[PDB]
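**Q** Take this structure first; my questions come after.
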Amino acid sequence: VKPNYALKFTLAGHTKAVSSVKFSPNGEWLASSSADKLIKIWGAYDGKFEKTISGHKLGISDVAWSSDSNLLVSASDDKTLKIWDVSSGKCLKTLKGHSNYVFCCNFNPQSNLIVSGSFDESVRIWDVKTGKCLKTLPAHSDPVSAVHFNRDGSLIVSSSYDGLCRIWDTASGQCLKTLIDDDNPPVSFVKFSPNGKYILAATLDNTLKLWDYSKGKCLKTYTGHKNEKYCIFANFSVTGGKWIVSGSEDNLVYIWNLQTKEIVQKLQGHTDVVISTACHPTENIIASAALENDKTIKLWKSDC
Ligand SMILES: CNC(=N)NCCC[C@H](N)C(=O)O
């Protein structure tokens, strides 16, 4: 088993670098955020442009869906997050509190909470209904590159340019684990596995690692791509074969066999750094997006 991802659609419309793409949990939509200050919505299967959602005053670094596919949250250089009703286009809340660029965000599975990370070195936990900041965690000593909830929402993982991945108890705000690996290269991305047993972390030394975060043991290392500057998203692909998917600074999408760590496909087509990739929740579909010199989003499909 190798996959056979092939380009199906190219989605053009952002006028500056794309920052993040994400599929809706219900599989119907792709949301994209950009340095152009906009969120765009596209059909997940046909790439058909759906709408633009606007309101942020500066570029957006991340976007994320609620569990029911009705809301988005966005993280902006304007130091706010916004909560959006996707269908109406309304900004429901503006989450204020961070003192610098907000870089990363996610809903918990219940989607009553949002987690954010910022250049202000903090992680903040927010109440979705009221927009109030519930906790400010003194999480890191450099910008926070990623934040993610585990499968039951009881944990948060954060990554930072300080070289650390930390695991937090959602309820208490307590730091439960600090993951340490040698020379402490900036951690540019992190997320939990779908099952919540592992985390996948990217570091700016051209490396992805799969950690057992409780035991604190690096289980797999994925290499061959280029990642020394940008906070590039990585993924677990679980709809067919078990893959690791990542963007890369050589303009390619990389796909590794999770177990063997071998590169199984490289997807060519983008003309600038592939900053973001996402994997469709039920079909073997990858979305990718690129930086300023490209500005397009691509939808690729495989038989496995
Ligand atoms: C968690 N978000 C993220 N990795 N976004 C992509 C990078 C956005 C950044 N503002 C940049 O242009 O490099």
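The residue numbers of chain A are those assigned by Swiss-Prot, with the residues present covering 31-334 sequentially.
Recorded method is X-ray crystallography, 1.7 Å.
Using the three backbone atoms N, Cα and C, a Cβ is placed for every residue, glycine included.
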**Q** By the record in Swiss-Prot, which of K46, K120, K159, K245 is the one labelled SUMO2 cross-link?
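**A** Record annotation (Swiss-Prot, SUMO2 cross-link): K46.
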**Q** If you check Swiss-Prot for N6-acetyllysine, which of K112, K126, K165 comes up?
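**A** Record lookup, Swiss-Prot, feature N6-acetyllysine, residue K112.
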**Q** So which residues does the repeat 'WD 7' (299-333) touch in its own chain, when a touch means Cβ under 8 Å and the partner is 6 or more beyond its ends?
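**A** Sequence-remote neighbours of the repeat 'WD 7' (299-333) are 33-42, 44-53, 55-57, 60, 62, 64-65, 72, 74-75, 77, 260-270, 275-279, 281-283, 285.
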**Q** In whole Å, note down how far the CA of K46 (SUMO2 cross-link) lies from the CA of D107 (site 'Important for interaction with histone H3').
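**A** On Cα coordinates alone, these residues lie 14 Å apart.
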**Q** Using DSSP, what's the helix, strand and coil tally for the repeat 'WD 1' (43-82)?
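**A** Taking each residue of the repeat 'WD 1' (43-82) in turn, the totals are 0 helix, 21 strand, 19 coil.
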**Q** Of the recorded positions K46, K112, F133, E322, which one has its Cα closest to the Cα of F263 (site 'Important for interaction with histone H3')?
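**A** Closest by Cα distance to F263 (site 'Important for interaction with histone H3') among the recorded positions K46, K112, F133, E322: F133.
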**Q** From the recorded positions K112, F133, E322, pick the residue whose C-alpha lies nearest to the C-alpha of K46 (SUMO2 cross-link).
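**A** Nearest in space to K46 (SUMO2 cross-link), counting only the recorded positions, is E322.
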